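Enquirer: Input my_file-v8.tsv, format and content: TSV, C-alpha atoms and all ligand atoms.
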chain	number	residue	atom	x	y	z
A	60	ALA	CA	85.71	101.78	26.45
A	61	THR	CA	87.05	102.96	29.79
A	62	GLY	CA	85.50	102.83	33.24
A	63	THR	CA	83.45	100.39	35.30
A	64	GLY	CA	79.81	101.29	35.77
A	65	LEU	CA	77.82	100.70	38.93
A	66	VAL	CA	74.07	101.02	39.39
A	67	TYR	CA	72.57	101.30	42.85
A	68	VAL	CA	69.37	103.04	43.90
A	69	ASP	CA	67.73	103.39	47.30
A	70	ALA	CA	64.55	101.77	45.89
A	71	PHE	CA	66.42	98.43	45.96
A	72	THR	CA	65.98	98.53	49.76
A	73	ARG	CA	62.30	99.52	49.81
A	74	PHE	CA	60.59	96.14	49.54
A	75	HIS	CA	60.83	93.28	52.02
A	76	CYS	CA	58.92	90.38	53.51
A	77	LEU	CA	55.98	91.85	55.42
A	78	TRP	CA	55.42	88.75	57.58
A	79	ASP	CA	59.05	87.89	58.44
A	80	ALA	CA	61.49	90.59	59.59
A	81	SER	CA	64.12	87.81	59.41
A	82	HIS	CA	63.69	86.88	55.75
A	83	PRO	CA	67.04	86.10	54.07
A	84	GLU	CA	66.24	87.97	50.83
A	85	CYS	CA	66.26	91.41	52.38
A	86	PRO	CA	67.29	95.06	51.88
A	87	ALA	CA	70.49	94.53	53.87
A	88	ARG	CA	71.84	92.36	51.04
A	89	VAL	CA	72.42	95.38	48.81
A	90	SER	CA	73.15	97.99	51.50
A	91	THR	CA	75.88	95.79	52.99
A	92	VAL	CA	77.42	95.42	49.53
A	93	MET	CA	77.39	99.19	49.05
A	94	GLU	CA	78.84	99.76	52.52
A	95	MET	CA	81.78	97.44	51.78
A	96	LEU	CA	82.41	98.84	48.29
A	97	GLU	CA	82.71	102.26	49.94
A	98	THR	CA	85.03	101.21	52.77
A	99	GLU	CA	87.27	99.35	50.29
A	100	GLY	CA	87.53	102.50	48.15
A	101	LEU	CA	86.01	100.64	45.20
A	102	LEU	CA	82.75	102.59	45.01
A	103	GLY	CA	84.47	105.92	44.33
A	104	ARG	CA	86.47	104.35	41.49
A	105	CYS	CA	83.32	103.32	39.60
A	106	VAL	CA	81.26	105.49	37.27
A	107	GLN	CA	77.83	105.94	38.83
A	108	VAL	CA	75.11	105.02	36.32
A	109	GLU	CA	71.47	105.90	36.86
A	110	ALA	CA	68.83	103.22	37.05
A	111	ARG	CA	65.67	103.39	34.97
A	112	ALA	CA	62.34	101.59	34.97
A	113	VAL	CA	61.99	98.81	32.43
A	114	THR	CA	59.17	99.41	29.96
A	115	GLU	CA	56.31	97.07	29.10
A	116	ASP	CA	57.74	96.44	25.63
A	117	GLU	CA	61.09	95.52	27.18
A	118	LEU	CA	59.44	93.13	29.66
A	119	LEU	CA	57.51	91.56	26.78
A	120	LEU	CA	60.78	90.44	25.19
A	121	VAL	CA	60.69	87.63	27.76
A	122	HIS	CA	57.43	87.70	29.74
A	123	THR	CA	53.84	87.18	28.64
A	124	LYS	CA	51.37	90.06	28.54
A	125	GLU	CA	49.11	88.31	31.06
A	126	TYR	CA	51.96	87.87	33.56
A	127	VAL	CA	53.16	91.46	33.13
A	128	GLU	CA	49.63	92.75	33.77
A	129	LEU	CA	49.24	90.54	36.84
A	130	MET	CA	52.59	91.65	38.27
A	131	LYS	CA	51.75	95.30	37.54
A	132	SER	CA	48.49	94.84	39.44
A	133	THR	CA	50.32	93.73	42.61
A	134	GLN	CA	51.21	97.37	43.42
A	135	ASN	CA	47.58	97.87	44.51
A	136	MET	CA	46.74	94.49	46.06
A	137	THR	CA	45.92	94.13	49.72
A	138	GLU	CA	48.35	92.21	51.91
A	139	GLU	CA	45.98	89.23	51.97
A	140	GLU	CA	45.78	89.28	48.16
A	141	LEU	CA	49.58	89.43	47.99
A	142	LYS	CA	49.83	86.45	50.36
A	143	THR	CA	47.36	84.44	48.27
A	144	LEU	CA	49.19	85.18	45.01
A	145	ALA	CA	52.65	84.49	46.44
A	146	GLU	CA	51.50	81.05	47.60
A	147	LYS	CA	50.86	80.20	43.93
A	148	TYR	CA	54.64	80.34	43.37
A	149	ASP	CA	57.68	78.50	44.70
A	150	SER	CA	59.82	80.37	47.26
A	151	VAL	CA	58.42	83.88	46.71
A	152	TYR	CA	57.16	86.71	48.87
A	153	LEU	CA	55.37	89.82	47.66
A	154	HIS	CA	55.18	93.44	48.77
A	155	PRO	CA	53.28	96.47	47.43
A	156	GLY	CA	56.56	97.99	46.20
A	157	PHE	CA	57.92	94.78	44.67
A	158	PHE	CA	56.82	95.55	41.11
A	159	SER	CA	58.33	99.05	41.12
A	160	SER	CA	61.66	97.85	42.51
A	161	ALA	CA	61.64	94.90	40.10
A	162	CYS	CA	61.23	97.32	37.20
A	163	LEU	CA	64.24	99.33	38.37
A	164	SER	CA	66.16	96.11	38.95
A	165	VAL	CA	65.72	95.12	35.28
A	166	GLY	CA	66.35	98.65	34.09
A	167	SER	CA	69.61	98.89	36.01
A	168	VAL	CA	71.02	96.12	33.81
A	169	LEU	CA	69.71	97.74	30.62
A	170	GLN	CA	71.44	101.00	31.56
A	171	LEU	CA	74.78	99.21	31.89
A	172	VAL	CA	74.20	97.35	28.63
A	173	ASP	CA	73.71	100.72	26.92
A	174	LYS	CA	76.93	102.14	28.36
A	175	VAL	CA	78.97	99.04	27.58
A	176	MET	CA	77.70	98.41	24.05
A	177	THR	CA	78.25	102.06	23.08
A	178	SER	CA	81.82	101.96	24.49
A	179	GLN	CA	81.15	104.60	27.14
A	180	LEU	CA	82.28	102.10	29.81
A	181	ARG	CA	84.32	98.92	29.65
A	182	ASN	CA	82.07	96.85	31.93
A	183	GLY	CA	79.69	97.25	34.84
A	184	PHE	CA	77.93	95.77	37.85
A	185	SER	CA	74.37	96.39	39.00
A	186	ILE	CA	73.93	96.03	42.76
A	187	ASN	CA	70.29	95.14	42.31
A	188	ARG	CA	67.41	93.36	43.95
A	189	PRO	CA	65.07	91.70	43.39
A	190	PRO	CA	67.13	89.00	41.67
A	191	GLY	CA	66.16	87.56	38.33
A	192	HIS	CA	67.56	84.21	37.31
A	193	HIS	CA	64.56	82.07	38.44
A	194	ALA	CA	61.84	84.28	36.96
A	195	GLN	CA	59.98	82.68	34.07
A	196	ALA	CA	57.90	83.88	31.14
A	197	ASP	CA	54.67	83.63	33.14
A	198	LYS	CA	55.56	83.10	36.81
A	199	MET	CA	57.58	84.31	39.77
A	200	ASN	CA	60.02	81.91	41.37
A	201	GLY	CA	62.84	81.88	43.87
A	202	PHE	CA	62.39	85.49	45.04
A	203	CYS	CA	62.41	86.75	41.44
A	204	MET	CA	59.66	88.58	39.54
A	205	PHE	CA	61.32	89.49	36.22
A	206	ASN	CA	64.29	87.82	34.57
A	207	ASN	CA	66.75	90.69	34.66
A	208	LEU	CA	69.46	89.08	32.53
A	209	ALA	CA	67.15	87.37	30.04
A	210	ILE	CA	65.50	90.72	29.29
A	211	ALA	CA	68.91	92.38	29.07
A	212	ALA	CA	70.12	89.76	26.58
A	213	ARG	CA	67.18	90.21	24.22
A	214	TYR	CA	67.37	93.98	24.72
A	215	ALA	CA	71.03	93.98	23.69
A	216	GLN	CA	70.12	92.02	20.58
A	217	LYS	CA	67.19	94.25	19.63
A	218	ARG	CA	68.52	97.69	20.58
A	219	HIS	CA	72.26	97.23	20.07
A	220	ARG	CA	72.13	94.73	17.20
A	221	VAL	CA	74.06	92.11	19.20
A	222	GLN	CA	73.96	88.72	17.52
A	223	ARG	CA	75.21	86.44	20.30
A	224	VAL	CA	74.98	86.79	24.07
A	225	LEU	CA	76.65	84.54	26.62
A	226	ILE	CA	75.02	84.29	30.06
A	227	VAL	CA	77.24	82.84	32.80
A	228	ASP	CA	75.42	81.89	36.02
A	229	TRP	CA	77.81	81.18	38.90
A	230	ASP	CA	75.16	81.48	41.61
A	231	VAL	CA	75.02	78.21	43.55
A	232	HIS	CA	71.46	77.64	42.28
A	233	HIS	CA	70.39	76.75	38.76
A	234	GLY	CA	68.88	79.68	36.88
A	235	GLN	CA	66.11	77.55	35.44
A	236	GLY	CA	64.22	80.66	34.33
A	237	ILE	CA	67.08	81.68	32.05
A	238	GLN	CA	67.32	78.10	30.75
A	239	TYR	CA	63.60	77.93	29.92
A	240	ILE	CA	63.52	81.34	28.22
A	241	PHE	CA	66.40	80.51	25.87
A	242	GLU	CA	65.92	76.74	25.57
A	243	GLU	CA	65.15	76.88	21.83
A	244	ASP	CA	67.37	79.89	21.09
A	245	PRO	CA	70.91	79.39	19.70
A	246	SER	CA	71.64	83.13	19.83
A	247	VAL	CA	71.88	83.13	23.65
A	248	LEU	CA	74.18	80.56	25.26
A	249	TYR	CA	73.31	79.83	28.90
A	250	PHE	CA	75.93	78.25	31.18
A	251	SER	CA	75.09	77.44	34.81
A	252	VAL	CA	77.27	75.79	37.42
A	253	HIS	CA	75.20	74.85	40.45
A	254	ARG	CA	74.78	72.54	43.38
A	255	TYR	CA	72.49	69.72	42.28
A	256	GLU	CA	73.06	66.54	44.32
A	257	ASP	CA	71.12	64.39	41.86
A	258	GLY	CA	68.19	66.78	42.17
A	259	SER	CA	68.08	66.82	45.97
A	260	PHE	CA	69.09	70.50	46.13
A	261	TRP	CA	66.68	73.34	45.37
A	262	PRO	CA	65.05	73.90	42.86
A	263	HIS	CA	64.85	70.07	42.62
A	264	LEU	CA	64.54	69.80	38.82
A	265	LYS	CA	65.71	66.99	36.56
A	266	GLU	CA	66.09	69.78	33.98
A	267	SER	CA	69.06	71.11	35.98
A	268	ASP	CA	71.17	68.08	35.00
A	269	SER	CA	73.69	68.23	32.15
A	270	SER	CA	71.41	66.17	29.90
A	271	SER	CA	69.36	69.36	29.32
A	272	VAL	CA	71.32	70.80	26.38
A	273	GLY	CA	68.53	72.85	24.80
A	274	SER	CA	65.84	71.96	22.31
A	275	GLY	CA	65.39	72.31	18.58
A	276	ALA	CA	67.79	74.84	17.12
A	277	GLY	CA	68.80	75.61	20.71
A	278	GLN	CA	70.47	72.21	21.11
A	279	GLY	CA	74.01	72.74	22.36
A	280	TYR	CA	73.30	76.25	23.69
A	281	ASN	CA	72.28	75.29	27.23
A	282	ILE	CA	75.08	73.97	29.43
A	283	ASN	CA	74.44	72.79	33.01
A	284	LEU	CA	77.34	71.79	35.27
A	285	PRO	CA	75.76	70.09	38.31
A	286	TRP	CA	77.78	69.49	41.46
A	287	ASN	CA	76.80	66.27	43.22
A	288	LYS	CA	78.86	66.77	46.39
A	289	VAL	CA	79.10	69.76	48.73
A	290	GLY	CA	82.34	71.55	49.55
A	291	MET	CA	83.51	72.56	46.06
A	292	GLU	CA	86.40	75.03	46.09
A	293	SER	CA	88.12	77.52	43.82
A	294	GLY	CA	90.04	74.80	41.99
A	295	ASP	CA	86.77	73.13	40.99
A	296	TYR	CA	85.36	76.37	39.57
A	297	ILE	CA	88.63	77.22	37.82
A	298	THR	CA	88.67	73.76	36.23
A	299	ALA	CA	85.04	74.13	35.12
A	300	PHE	CA	85.91	77.42	33.43
A	301	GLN	CA	89.13	76.13	31.79
A	302	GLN	CA	87.91	72.80	30.42
A	303	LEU	CA	84.29	73.67	29.65
A	304	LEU	CA	83.00	77.25	29.77
A	305	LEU	CA	85.88	79.18	28.21
A	306	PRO	CA	86.48	76.76	25.29
A	307	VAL	CA	82.78	76.99	24.43
A	308	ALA	CA	82.78	80.76	24.94
A	309	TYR	CA	85.68	81.28	22.53
A	310	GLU	CA	84.01	79.03	19.95
A	311	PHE	CA	80.65	80.81	20.39
A	312	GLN	CA	82.23	84.28	20.02
A	313	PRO	CA	79.67	86.29	22.03
A	314	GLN	CA	79.50	90.04	21.64
A	315	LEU	CA	78.23	90.57	25.20
A	316	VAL	CA	78.69	88.55	28.39
A	317	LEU	CA	76.10	88.82	31.17
A	318	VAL	CA	76.82	87.26	34.57
A	319	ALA	CA	74.18	86.02	37.00
A	320	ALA	CA	76.42	87.07	39.86
A	321	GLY	CA	75.22	85.27	42.96
A	322	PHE	CA	77.63	84.65	45.81
A	323	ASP	CA	75.97	81.76	47.63
A	324	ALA	CA	78.82	79.43	46.62
A	325	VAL	CA	81.18	81.55	48.73
A	326	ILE	CA	82.55	80.22	51.99
A	327	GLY	CA	80.24	81.42	54.75
A	328	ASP	CA	76.91	81.26	52.93
A	329	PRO	CA	74.24	79.77	55.24
A	330	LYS	CA	72.87	77.27	52.69
A	331	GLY	CA	75.05	77.06	49.57
A	332	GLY	CA	77.24	74.33	51.01
A	333	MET	CA	80.31	75.28	48.95
A	334	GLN	CA	83.75	76.50	49.97
A	335	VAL	CA	84.71	78.98	47.23
A	336	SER	CA	86.99	81.79	48.36
A	337	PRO	CA	85.82	85.30	47.45
A	338	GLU	CA	89.15	85.69	45.62
A	339	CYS	CA	88.07	83.01	43.16
A	340	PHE	CA	85.50	85.43	41.79
A	341	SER	CA	88.29	87.85	40.89
A	342	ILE	CA	89.74	85.05	38.76
A	343	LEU	CA	86.44	84.00	37.19
A	344	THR	CA	85.66	87.62	36.34
A	345	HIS	CA	89.16	88.02	34.89
A	346	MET	CA	88.66	85.00	32.64
A	347	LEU	CA	85.38	86.36	31.28
A	348	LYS	CA	87.04	89.69	30.38
A	349	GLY	CA	88.93	87.82	27.63
A	350	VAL	CA	85.66	87.21	25.78
A	351	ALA	CA	83.59	89.73	23.82
A	352	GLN	CA	86.22	92.51	24.02
A	353	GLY	CA	85.57	92.62	27.75
A	354	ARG	CA	81.97	93.75	27.25
A	355	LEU	CA	80.85	92.29	30.56
A	356	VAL	CA	77.92	93.17	32.81
A	357	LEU	CA	77.40	91.52	36.21
A	358	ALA	CA	74.03	91.65	37.99
A	359	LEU	CA	73.45	90.53	41.56
A	360	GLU	CA	71.46	87.31	41.97
A	361	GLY	CA	71.62	85.35	45.28
A	362	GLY	CA	74.00	85.02	48.18
A	363	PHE	CA	72.45	85.33	51.66
A	364	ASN	CA	75.48	85.83	53.92
A	365	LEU	CA	75.63	89.62	53.94
A	366	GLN	CA	79.40	89.78	54.44
A	367	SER	CA	80.28	86.90	52.10
A	368	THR	CA	78.10	88.37	49.34
A	369	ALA	CA	79.76	91.76	49.85
A	370	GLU	CA	83.20	90.14	49.71
A	371	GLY	CA	82.29	88.32	46.50
A	372	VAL	CA	81.02	91.53	44.91
A	373	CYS	CA	84.18	93.38	45.93
A	374	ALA	CA	86.40	90.61	44.56
A	375	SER	CA	84.54	90.72	41.24
A	376	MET	CA	84.66	94.53	41.19
A	377	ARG	CA	88.44	94.57	41.67
A	378	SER	CA	88.76	92.56	38.47
A	379	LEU	CA	86.28	94.73	36.56
A	380	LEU	CA	88.36	97.75	37.60
A	381	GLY	CA	91.52	96.07	36.28
A	382	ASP	CA	93.33	95.52	39.58
A	383	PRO	CA	95.90	92.70	39.74
A	384	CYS	CA	94.42	89.30	40.40
A	385	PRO	CA	94.64	88.21	44.05
A	386	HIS	CA	96.59	85.39	45.58
A	387	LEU	CA	94.35	82.31	45.74
A	388	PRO	CA	94.24	80.83	49.28
A	389	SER	CA	93.11	77.35	48.15
A	390	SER	CA	94.57	74.63	45.95
A	391	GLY	CA	94.42	74.90	42.17
A	392	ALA	CA	93.42	71.26	41.57
A	393	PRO	CA	89.84	69.98	41.22
A	394	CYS	CA	88.42	67.19	43.32
A	395	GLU	CA	87.34	63.88	41.82
A	396	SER	CA	83.64	64.66	42.10
A	397	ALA	CA	84.08	67.95	40.23
A	398	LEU	CA	86.07	66.17	37.51
A	399	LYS	CA	83.26	63.62	37.23
A	400	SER	CA	80.62	66.35	36.76
A	401	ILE	CA	82.78	68.26	34.30
A	402	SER	CA	83.49	65.12	32.27
A	403	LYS	CA	79.79	64.24	32.15
A	404	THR	CA	78.78	67.72	31.00
A	405	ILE	CA	81.48	67.64	28.32
A	406	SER	CA	80.21	64.23	27.21
A	407	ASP	CA	76.68	65.64	26.91
A	408	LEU	CA	77.85	68.71	24.93
A	409	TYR	CA	80.55	67.02	22.77
A	410	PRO	CA	78.45	66.74	19.55
A	411	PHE	CA	77.85	70.52	19.52
A	412	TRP	CA	81.26	72.06	20.25
A	413	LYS	CA	84.43	71.21	18.34
A	414	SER	CA	86.56	72.59	21.18
A	415	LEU	CA	85.26	69.85	23.51
A	416	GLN	CA	86.52	67.01	21.31
B	1	LIG	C1	64.92	80.15	46.64
B	1	LIG	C2	66.10	80.16	47.57
B	1	LIG	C3	67.36	80.72	47.06
B	1	LIG	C4	67.45	81.36	45.89
B	1	LIG	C5	68.75	81.85	45.41
B	1	LIG	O1	69.74	82.08	46.09
B	1	LIG	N1	68.78	81.98	44.04
B	1	LIG	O2	69.93	82.38	43.51
B	1	LIG	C6	66.07	79.65	48.80
B	1	LIG	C7	64.84	79.04	49.40
B	1	LIG	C8	64.83	77.54	49.12
B	1	LIG	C9	64.84	79.31	50.89
B	1	LIG	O3	65.85	79.13	51.54
B	1	LIG	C10	63.62	79.79	51.52
B	1	LIG	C11	63.76	80.41	52.77
B	1	LIG	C12	62.67	80.88	53.45
B	1	LIG	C13	61.38	80.73	52.91
B	1	LIG	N2	60.28	81.18	53.62
B	1	LIG	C14	60.43	82.19	54.66
B	1	LIG	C15	58.94	80.63	53.41
B	1	LIG	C16	61.24	80.09	51.65
B	1	LIG	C17	62.34	79.62	50.98
B	2	K	K	74.15	78.80	38.66
B	3	K	K	70.03	78.85	24.69
B	4	ZN	ZN	71.34	81.33	44.61
Spit out the file's structure as structure tokens when you get a sec.
Expert:
Amino acid sequence: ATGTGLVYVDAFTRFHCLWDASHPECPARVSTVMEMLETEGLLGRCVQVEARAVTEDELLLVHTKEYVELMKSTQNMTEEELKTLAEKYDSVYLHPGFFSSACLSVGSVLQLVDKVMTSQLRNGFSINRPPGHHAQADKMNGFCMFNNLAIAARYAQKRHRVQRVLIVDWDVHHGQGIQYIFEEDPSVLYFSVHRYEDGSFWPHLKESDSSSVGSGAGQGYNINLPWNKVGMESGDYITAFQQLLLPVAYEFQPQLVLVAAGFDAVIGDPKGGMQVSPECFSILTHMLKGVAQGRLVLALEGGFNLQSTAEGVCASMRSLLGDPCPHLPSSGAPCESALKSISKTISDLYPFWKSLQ
């Protein structure tokens, strides 16, 4: 258990929106991250880990056979066919090389899970696109084809005999795909903090509120923390982790932590509306290292400001590598609106977690 793994392959830059050279989900997202990791000297300190293509059986841990076959068929569709299909989904574009890159995007996470669970590395970060947290069992959504982290969680359970996986989603958007996949599953605890604004922020789902705690035996194992005002800062995220996520995490006792590492809550994002310093992500990453013997894998989700996303990745990477935590430029206190949201989520989860009482 020494070393921080990093997966990046050129294929992550080889699909894009064919009808909009200005699309925000673009190759430059990952290349800019890699450029900054290099100039900060962080890239050379990581252990390079090869990507691999996810297999059908691995995809089928989460996705239906019909959906896998349809997605596989997109590699041969005409551009008109790709346009028609993509219109059947919410906030998606397609490309002939989307499926292949999506398979490597999933597989990049699996490779890091292998290295971490076998103690060859302490932790890791995949610098991957397409993202995953909106993908659902049978549909694309939100620029995602396959649910990278949901597959990785079930893979870790099947292949590495992991009992309990914690998924932490700090992207500014709700990872509804992860929620749906594990809604009835108490072996995978999903926590998402996200802008919500009473449903008026994308993806506009009542299911993104804190009242959605899971179903059946999954009750208590889905935790949504919705922000109902813009402008949240590091102190709000730190308070969410201290009073809610980390108490539950220590009670849950996961053996692996997967992070839906989007950086659209960072100051500078064009649409996230939040004011989180990149340094905050050093702290949030640090906190998660205290769980699961530090067996921690981050995978890139959203974040559309190229520089802010790169800064957030670098801040997280410094913590994975064990560097001293940074000085925080903002206040350490939460705002009233954040305290309101945190209190409500705790109220909704109280019956399930002794640490919240
Ligand atoms: C899904 C998403 C962010 C996801 C994310 O960050 N998940 O983590 C943003 C959507 C709302 C968006 O902004 C958009 C932009 C252009 C567009 N077309 C060019 C038609 C369609 C949708
Ligand atoms: K989130
Ligand atoms: K769950
Ligand atoms: Zn996002």
Enquirer: To check your reading of the model: which residues sit at most 10 Å from ligand LIG 1 (chain B) when counting only C-alpha atoms and all ligand atoms? Write the answer as an MDAnalysis selection string.
Expert: chainID A and resid 76 78:84 146 149:152 190:193 200:203 228:234 253 260:263 319:324 328:331 359:363
Enquirer: Counting all atoms listed in the file, which residue out of A:299, A:66, A:136, A:356 sits closest to residue 284 (chain A)?
Expert: A:299
Enquirer: My list of candidates is A:188, A:354, A:198, A:254. Which is closest to ligand K 2 (chain B) when distances are computed with only C-alpha atoms and all ligand atoms?
Expert: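 Checking each candidate against ligand K 2 (chain B), we get A:254 as the closest.
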Enquirer: Find the distance between CA of residue 110 (chain A) and CA of residue 343 (chain A) and write it in Å to one decimal.
Expert: 26.1 Å
Enquirer: List every residue of chain A that has an atom at most 7 Å from any atom of ligand K 3 (chain B), giving for each one its closest atom pair and the distance in Å to one decimal, counting all atoms listed in the file, sorted by chain and then by ascending residue number, as CSV.
Expert:
residue,atom,partner,partner_atom,distance
A:238,CA,B:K3,K,6.7
A:241,CA,B:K3,K,4.2
A:242,CA,B:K3,K,4.7
A:243,CA,B:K3,K,6.0
A:244,CA,B:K3,K,4.6
A:245,CA,B:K3,K,5.1
A:246,CA,B:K3,K,6.7
A:247,CA,B:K3,K,4.8
A:248,CA,B:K3,K,4.5
A:249,CA,B:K3,K,5.4
A:273,CA,B:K3,K,6.2
A:277,CA,B:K3,K,5.3
A:280,CA,B:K3,K,4.3
A:281,CA,B:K3,K,4.9
Enquirer: Leaving out residue 312 (chain A) and any residue of its chain fewer than 2 positions from it, which residues lie within 9 Å of it when counting only C-alpha atoms, given as a PyMOL selection string?
Expert: chain A and resi 223-225+307-310+314+350-351
Enquirer: Would you put the residues from that selection into a file with C-alpha atoms, as a short mmCIF file (atom, residue, chain, number, x, y, z; two decimals), in the coordinates of the input?
Expert:
data_model
loop_
_atom_site.label_atom_id
_atom_site.label_comp_id
_atom_site.auth_asym_id
_atom_site.auth_seq_id
_atom_site.Cartn_x
_atom_site.Cartn_y
_atom_site.Cartn_z
CA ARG A 223 75.21 86.44 20.30
CA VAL A 224 74.98 86.79 24.07
CA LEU A 225 76.65 84.54 26.62
CA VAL A 307 82.78 76.99 24.43
CA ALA A 308 82.78 80.76 24.94
CA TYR A 309 85.68 81.28 22.53
CA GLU A 310 84.01 79.03 19.95
CA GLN A 314 79.50 90.04 21.64
CA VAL A 350 85.66 87.21 25.78
CA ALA A 351 83.59 89.73 23.82
#
Enquirer: Nearest to residue 382 (chain A) among A:291, A:180, A:144, A:342, with distances taken over all atoms listed in the file: which residue is it?
Expert: A:342
Enquirer: One decimal, Å: what's the distance from CA of residue 278 (chain A) over to CA of residue 236 (chain A), could you say?
Expert: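 Separation between CA of residue 278 (chain A) and CA of residue 236 (chain A): 16.9 Å.
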Enquirer: Identify, on the basis of all atoms listed in the file, every residue whose closest approach to residue 101 (chain A) does not exceed 12 Å; exclude the query and any residue fewer than 4 positions from it along the same chain; express the result as a list in words.
Expert: residues 63, 64, 65, 92, 93, 94, 95, 96, 97, 105, 106, 107, 184, 369, 370, 372, 373, 374, 375, 376, 377, 378, 379, 380, 381 and 382 of chain A
Enquirer: Could you state the separation of CA of residue 301 (chain A) and CA of residue 346 (chain A) in Å, given to one decimal place?
Expert: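 Here the two named atoms are 8.9 Å from each other.
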Enquirer: Looking at all atoms listed in the file, which of A:269, A:251, A:349, A:123 is the one that sits closest to ligand ZN 4 (chain B)?
Expert: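 The closest residue to ligand ZN 4 (chain B) is A:251.
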Enquirer: With distances taken over only C-alpha atoms, which of A:137, A:187, A:283, A:177 is nearest to residue 72 (chain A)?
Expert: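 Looking only at the distances to residue 72 (chain A), the closest residue turns out to be A:187.
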Enquirer: For residue 117 (chain A), list every protein, DNA or RNA residue within 10 Å, evaluated using only C-alpha atoms, and leave out those in the same chain fewer than 2 positions away; present the list as a PyMOL selection string.
Expert: chain A and resi 112-115+119-122+165-166+169+210-211+213-214+217
Enquirer: Counting only C-alpha atoms and all ligand atoms, figure out which residue out of A:163, A:405, A:282, A:130 gets nearest to ligand K 2 (chain B).
Expert: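 Using only C-alpha atoms and all ligand atoms, ligand K 2 (chain B) sits closest to A:282.
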Enquirer: How would you write as a tab-separated table (two decimals) with C-alpha atoms, in the coordinates of the input the residues that get within 7 Å of (82.4, 84.1, 51.1) in the file's frame, counting all atoms listed in the file?
Expert:
chain	number	residue	atom	x	y	z
A	325	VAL	CA	81.18	81.55	48.73
A	326	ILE	CA	82.55	80.22	51.99
A	327	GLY	CA	80.24	81.42	54.75
A	328	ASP	CA	76.91	81.26	52.93
A	335	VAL	CA	84.71	78.98	47.23
A	336	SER	CA	86.99	81.79	48.36
A	337	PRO	CA	85.82	85.30	47.45
A	367	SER	CA	80.28	86.90	52.10
A	368	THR	CA	78.10	88.37	49.34
A	370	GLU	CA	83.20	90.14	49.71
A	371	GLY	CA	82.29	88.32	46.50
Enquirer: Write out as a PyMOL selection string the residues lying within 8 Å of residue 160 (chain A), counting only C-alpha atoms and excluding same-chain residues fewer than 2 positions away.
Expert: chain A and resi 70-71+73-74+156-158+162-164+188-189
Enquirer: Write region 260-271 of chain A as a compact mmCIF listing (two decimals), in the coordinates of the input, completed to N, CA and C atoms.
Expert:
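Dumped everything to part.txt:
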# COMPACT_ATOMS: atom_id res chain seq x y z
N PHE A 260 68.89 69.12 45.72
CA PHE A 260 69.09 70.50 46.13
C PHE A 260 68.16 71.40 45.33
N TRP A 261 67.62 72.42 46.00
CA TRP A 261 66.68 73.34 45.37
C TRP A 261 67.29 73.92 44.10
N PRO A 262 66.51 74.06 43.00
CA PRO A 262 65.05 73.90 42.86
C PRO A 262 64.53 72.49 42.51
N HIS A 263 65.34 71.45 42.72
CA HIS A 263 64.85 70.07 42.62
C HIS A 263 64.28 69.71 41.25
N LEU A 264 65.01 70.02 40.18
CA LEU A 264 64.54 69.80 38.82
C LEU A 264 65.48 68.86 38.08
N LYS A 265 64.91 67.82 37.46
CA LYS A 265 65.71 66.99 36.56
C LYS A 265 66.29 67.82 35.43
N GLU A 266 65.62 68.91 35.06
CA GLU A 266 66.09 69.78 33.98
C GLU A 266 67.37 70.53 34.33
N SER A 267 67.82 70.46 35.58
CA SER A 267 69.06 71.11 35.98
C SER A 267 70.28 70.22 35.76
N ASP A 268 70.08 68.98 35.31
CA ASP A 268 71.17 68.08 35.00
C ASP A 268 71.79 68.45 33.65
N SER A 269 72.98 67.90 33.39
CA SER A 269 73.69 68.23 32.15
C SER A 269 73.05 67.63 30.91
N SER A 270 72.10 66.71 31.06
CA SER A 270 71.41 66.17 29.90
C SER A 270 70.51 67.20 29.22
N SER A 271 70.18 68.30 29.90
CA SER A 271 69.36 69.36 29.32
C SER A 271 70.28 70.30 28.54
